[PDB]
Amino acid sequence: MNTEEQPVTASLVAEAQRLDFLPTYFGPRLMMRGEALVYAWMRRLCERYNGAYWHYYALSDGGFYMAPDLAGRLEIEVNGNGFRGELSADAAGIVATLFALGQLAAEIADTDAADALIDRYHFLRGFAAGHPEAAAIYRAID
């Protein structure tokens with residue numbers, strides 16, 4: 001539609017519907033296999049990262065992403081590319097969920113489903129470009 005940014009934007013799903021929204025967009029079985037995978041990478045990016053509420057977000061691209069609930073400067077040092085920089089719970093939650101997608105795809109070995117969930121990765125990855133901190137987000141996952 002556009003020539004620069006993407007018309008794709010995330011959204012906040014109800015709390016009483018997010019309980020089924022996750023297993024509905026990811027899978028009734030993955031809901032846990034993925035929620036724990038996104039936070040798994042998060043606690044790795046920061047040495048002083050206890051945890052937070054990874055709110056469920058709906059994407060028009062056909063996927064979805066989760067972002068922890070932390071207001072302030074989150075010192076997140078990504079080992080993936082050694083990018084040391086403080087990001088917001090939102091701009092950081094992008095790198096947390098993204099890394100998880102790439103793990104599940106390679107965790108289930110070479111299967112027809114190892115390329116299906118991959119779609120979500122490419123879908124969200126594009127939304128990160130529309131963010132004001134895109135520079136930090138894309139480099140964080142780079």
# chains A, B, ... in the order shown; residues from 1 in each chain; ligands from 1
$ residues_around --residues "residue 102 in chain A" --least-positions-apart "6" --cutoff "9 Å" --atoms "only C-alpha atoms" --output "list in words"
residues 117, 118 and 121 of chain A
$ write_last_selection --atoms "N, CA, C and O atoms" --output "PDB file, in the first residue's frame"
ATOM      1  N   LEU A 117       5.406 -21.503  10.955  1.00  0.00           N
ATOM      2  CA  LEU A 117       5.529 -20.532  12.034  1.00  0.00           C
ATOM      3  C   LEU A 117       6.519 -19.439  11.647  1.00  0.00           C
ATOM      4  O   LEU A 117       6.548 -18.366  12.253  1.00  0.00           O
ATOM      5  N   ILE A 118       7.327 -19.724  10.631  1.00  0.00           N
ATOM      6  CA  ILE A 118       8.321 -18.774  10.151  1.00  0.00           C
ATOM      7  C   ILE A 118       7.643 -17.512   9.634  1.00  0.00           C
ATOM      8  O   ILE A 118       8.193 -16.415   9.725  1.00  0.00           O
ATOM      9  N   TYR A 121       7.417 -14.718  12.017  1.00  0.00           N
ATOM     10  CA  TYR A 121       8.690 -14.031  12.198  1.00  0.00           C
ATOM     11  C   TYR A 121       8.843 -12.894  11.195  1.00  0.00           C
ATOM     12  O   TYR A 121       9.132 -11.757  11.569  1.00  0.00           O
TER      13      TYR A 121
END
$ select_by_dssp --residues "range 52-141 of chain A" --states "helix (DSSP H, G or I)" --output "count of residues only"
40
$ residues_around --residues "residue 98 in chain A" --least-positions-apart "4" --cutoff "8 Å" --atoms "only C-alpha atoms" --output "JSON, numbers by chain"
{"A": [38, 65, 94, 102, 121, 124, 125, 141]}
$ write_last_selection --atoms "C-alpha atoms" --output "PDB file, in the first residue's frame"
ATOM      1  CA  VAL A  38      10.094 -15.303  24.339  1.00  0.00           C
ATOM      2  CA  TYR A  65       3.846 -10.393  19.170  1.00  0.00           C
ATOM      3  CA  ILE A  94      10.006  -7.183  19.900  1.00  0.00           C
ATOM      4  CA  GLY A 102      13.379 -18.579  15.190  1.00  0.00           C
ATOM      5  CA  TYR A 121       8.690 -14.031  12.198  1.00  0.00           C
ATOM      6  CA  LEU A 124       6.483  -9.041  12.922  1.00  0.00           C
ATOM      7  CA  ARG A 125      10.014  -8.295  11.713  1.00  0.00           C
ATOM      8  CA  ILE A 141      17.767  -9.102  16.244  1.00  0.00           C
TER       9      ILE A 141
END
$ select_by_dssp --residues "chain A" --states "strand (DSSP E)" --output "PyMOL selection string"
chain A and resi 10-12+55-59+64-67+74-78+83-87
$ closest_atom_pairs --of "range 50-118 of chain A" --to "range 1-12 of chain A" --cutoff "6 Å" --atoms "only C-alpha atoms" --output "CSV"
residue,atom,partner,partner_atom,distance
A:57,CA,A:12,CA,4.9
A:58,CA,A:11,CA,4.9
A:59,CA,A:10,CA,4.4
A:60,CA,A:8,CA,5.6
A:61,CA,A:8,CA,5.9
$ write_last_selection --atoms "N, CA and C atoms" --output "tab-separated table (two decimals), in the first residue's frame"
chain	number	residue	atom	x	y	z
A	57	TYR	N	-0.24	-8.96	21.74
A	57	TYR	CA	-0.57	-7.98	20.71
A	57	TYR	C	-1.01	-8.67	19.42
A	58	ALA	N	-2.00	-8.08	18.76
A	58	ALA	CA	-2.51	-8.63	17.51
A	58	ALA	C	-1.97	-7.84	16.32
A	59	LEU	N	-1.47	-8.56	15.32
A	59	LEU	CA	-0.91	-7.92	14.14
A	59	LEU	C	-1.79	-8.16	12.92
A	60	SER	N	-1.91	-7.14	12.08
A	60	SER	CA	-2.73	-7.22	10.88
A	60	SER	C	-2.01	-7.99	9.78
A	61	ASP	N	-0.72	-8.21	9.98
A	61	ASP	CA	0.09	-8.94	9.00
A	61	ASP	C	-0.31	-10.41	8.96
$ residues_around --residues "residue 101 in chain A" --least-positions-apart "3" --cutoff "12 Å" --atoms "only C-alpha atoms" --output "CSV table (one decimal) with N, CA and C atoms, in the first residue's frame"
chain,number,residue,atom,x,y,z
A,26,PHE,N,-1.2,-18.9,17.7
A,26,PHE,CA,0.1,-19.6,17.8
A,26,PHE,C,-0.3,-21.1,17.8
A,30,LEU,N,1.2,-24.6,21.6
A,30,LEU,CA,2.3,-23.6,21.6
A,30,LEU,C,2.2,-22.5,22.6
A,33,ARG,N,4.6,-23.2,24.9
A,33,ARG,CA,5.9,-23.5,24.2
A,33,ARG,C,6.5,-22.2,23.7
A,34,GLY,N,5.6,-21.2,23.4
A,34,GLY,CA,6.1,-19.9,22.9
A,34,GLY,C,6.2,-18.8,23.9
A,35,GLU,N,5.3,-18.7,24.8
A,35,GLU,CA,5.3,-17.7,25.8
A,35,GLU,C,6.5,-17.8,26.7
A,36,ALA,N,6.9,-19.1,27.0
A,36,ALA,CA,8.1,-19.3,27.8
A,36,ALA,C,9.4,-19.1,26.9
A,37,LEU,N,9.3,-19.2,25.6
A,37,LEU,CA,10.4,-19.1,24.7
A,37,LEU,C,10.8,-17.6,24.5
A,38,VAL,N,9.8,-16.7,24.5
A,38,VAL,CA,10.1,-15.3,24.3
A,38,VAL,C,10.8,-14.7,25.6
A,39,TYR,N,10.3,-15.1,26.7
A,39,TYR,CA,10.8,-14.6,28.0
A,39,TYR,C,12.2,-15.3,28.3
A,40,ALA,N,12.4,-16.4,27.7
A,40,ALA,CA,13.7,-17.2,27.9
A,40,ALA,C,14.8,-16.3,27.3
A,41,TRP,N,14.6,-15.7,26.2
A,41,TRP,CA,15.6,-14.9,25.5
A,41,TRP,C,15.7,-13.6,26.2
A,63,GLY,N,0.0,-12.3,12.1
A,63,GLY,CA,0.7,-12.9,13.2
A,63,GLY,C,0.4,-12.2,14.5
A,64,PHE,N,1.4,-12.1,15.4
A,64,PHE,CA,1.2,-11.4,16.6
A,64,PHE,C,2.5,-11.4,17.4
A,65,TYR,N,2.6,-10.5,18.4
A,65,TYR,CA,3.8,-10.4,19.2
A,65,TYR,C,3.5,-10.1,20.6
A,66,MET,N,4.4,-10.4,21.5
A,66,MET,CA,4.2,-10.1,23.0
A,66,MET,C,5.3,-9.2,23.5
A,94,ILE,N,10.0,-6.8,21.3
A,94,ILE,CA,10.0,-7.2,19.9
A,94,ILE,C,11.1,-8.2,19.7
A,95,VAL,N,12.3,-7.9,20.2
A,95,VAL,CA,13.4,-8.8,20.1
A,95,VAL,C,13.3,-10.1,20.9
A,96,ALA,N,12.5,-10.0,22.0
A,96,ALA,CA,12.2,-11.2,22.8
A,96,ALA,C,11.4,-12.2,22.1
A,97,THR,N,10.3,-11.8,21.6
A,97,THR,CA,9.4,-12.7,20.9
A,97,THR,C,9.9,-13.2,19.5
A,98,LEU,N,10.6,-12.3,18.8
A,98,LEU,CA,11.2,-12.6,17.5
A,98,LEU,C,12.2,-13.8,17.7
A,104,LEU,N,11.7,-22.1,17.8
A,104,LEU,CA,10.7,-23.1,17.6
A,104,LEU,C,10.8,-23.7,16.2
A,105,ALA,N,11.1,-22.9,15.2
A,105,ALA,CA,11.2,-23.4,13.8
A,105,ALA,C,12.3,-24.3,13.7
A,106,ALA,N,13.4,-24.1,14.4
A,106,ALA,CA,14.6,-25.0,14.3
A,106,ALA,C,14.6,-26.0,15.4
A,107,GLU,N,13.7,-25.9,16.3
A,107,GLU,CA,13.6,-26.8,17.5
A,107,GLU,C,12.8,-28.1,17.1
A,108,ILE,N,11.9,-27.9,16.2
A,108,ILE,CA,11.0,-29.0,15.7
A,108,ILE,C,11.7,-29.7,14.5
A,113,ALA,N,6.1,-27.8,9.4
A,113,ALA,CA,5.6,-26.8,10.3
A,113,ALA,C,6.8,-25.8,10.7
A,114,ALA,N,8.0,-26.2,10.3
A,114,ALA,CA,9.2,-25.4,10.6
A,114,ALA,C,9.3,-24.2,9.7
A,115,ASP,N,8.4,-24.2,8.7
A,115,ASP,CA,8.4,-23.1,7.8
A,115,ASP,C,7.0,-22.3,7.9
A,116,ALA,N,6.1,-22.9,8.6
A,116,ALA,CA,4.8,-22.3,8.7
A,116,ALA,C,4.8,-21.2,9.8
A,117,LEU,N,5.4,-21.5,11.0
A,117,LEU,CA,5.5,-20.5,12.0
A,117,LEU,C,6.5,-19.4,11.6
A,118,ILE,N,7.3,-19.7,10.6
A,118,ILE,CA,8.3,-18.8,10.2
A,118,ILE,C,7.6,-17.5,9.6
A,119,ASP,N,6.4,-17.7,9.1
A,119,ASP,CA,5.7,-16.6,8.6
A,119,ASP,C,5.5,-15.5,9.6
A,120,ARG,N,5.2,-15.9,10.8
A,120,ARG,CA,5.0,-14.9,11.9
A,120,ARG,C,6.3,-14.1,12.2
A,121,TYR,N,7.4,-14.7,12.0
A,121,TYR,CA,8.7,-14.0,12.2
A,121,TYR,C,8.8,-12.9,11.2
A,122,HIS,N,8.6,-13.2,9.9
A,122,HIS,CA,8.8,-12.2,8.9
A,122,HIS,C,7.7,-11.1,9.0
A,123,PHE,N,6.5,-11.5,9.5
A,123,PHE,CA,5.4,-10.6,9.6
A,123,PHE,C,5.7,-9.5,10.7
A,124,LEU,N,6.1,-10.0,11.8
A,124,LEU,CA,6.5,-9.0,12.9
A,124,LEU,C,7.7,-8.2,12.6
A,125,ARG,N,8.7,-8.9,12.1
A,125,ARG,CA,10.0,-8.3,11.7
A,125,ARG,C,9.8,-7.0,10.9
A,141,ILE,N,18.1,-7.8,16.8
A,141,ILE,CA,17.8,-9.1,16.2
A,141,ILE,C,18.7,-9.5,15.1
$ residues_around --residues "residue 134 in chain A" --least-positions-apart "6" --cutoff "9 Å" --atoms "only C-alpha atoms" --output "MDAnalysis selection string"
chainID A and resid 91 127:128
$ write_last_selection --atoms "C-alpha atoms" --output "mmCIF file, in the first residue's frame"
data_model
loop_
_atom_site.group_PDB
_atom_site.id
_atom_site.type_symbol
_atom_site.label_atom_id
_atom_site.label_comp_id
_atom_site.auth_asym_id
_atom_site.auth_seq_id
_atom_site.Cartn_x
_atom_site.Cartn_y
_atom_site.Cartn_z
ATOM 1 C CA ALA A 91 10.837 -1.929 21.742
ATOM 2 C CA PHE A 127 6.424 -4.108 11.887
ATOM 3 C CA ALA A 128 9.597 -3.405 13.857
#
$ atom_distance --atom1 "CA of residue 140 in chain A" --atom2 "CA of residue 92 in chain A"
8.6 Å
$ residues_around --residues "residue 69 in chain A" --least-positions-apart "3" --cutoff "8 Å" --atoms "only C-alpha atoms" --output "mmCIF file with N, CA and C atoms, in the first residue's frame"
data_model
loop_
_atom_site.group_PDB
_atom_site.id
_atom_site.type_symbol
_atom_site.label_atom_id
_atom_site.label_comp_id
_atom_site.auth_asym_id
_atom_site.auth_seq_id
_atom_site.Cartn_x
_atom_site.Cartn_y
_atom_site.Cartn_z
ATOM 1 N N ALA A 52 8.270 -9.715 33.694
ATOM 2 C CA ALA A 52 7.236 -8.714 33.442
ATOM 3 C C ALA A 52 6.020 -9.338 32.764
ATOM 4 N N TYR A 53 5.014 -8.512 32.490
ATOM 5 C CA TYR A 53 3.796 -8.980 31.842
ATOM 6 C C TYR A 53 3.873 -8.789 30.332
ATOM 7 N N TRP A 54 4.183 -9.870 29.625
ATOM 8 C CA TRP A 54 4.293 -9.834 28.171
ATOM 9 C C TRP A 54 2.914 -9.772 27.521
ATOM 10 N N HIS A 55 2.334 -8.575 27.508
ATOM 11 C CA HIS A 55 1.018 -8.355 26.923
ATOM 12 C C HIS A 55 0.935 -8.952 25.527
ATOM 13 N N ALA A 89 10.068 -1.554 27.279
ATOM 14 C CA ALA A 89 9.478 -2.884 27.359
ATOM 15 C C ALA A 89 8.838 -3.277 26.036
ATOM 16 N N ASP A 90 8.424 -2.276 25.272
ATOM 17 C CA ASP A 90 7.806 -2.508 23.977
ATOM 18 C C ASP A 90 8.866 -2.767 22.912
#
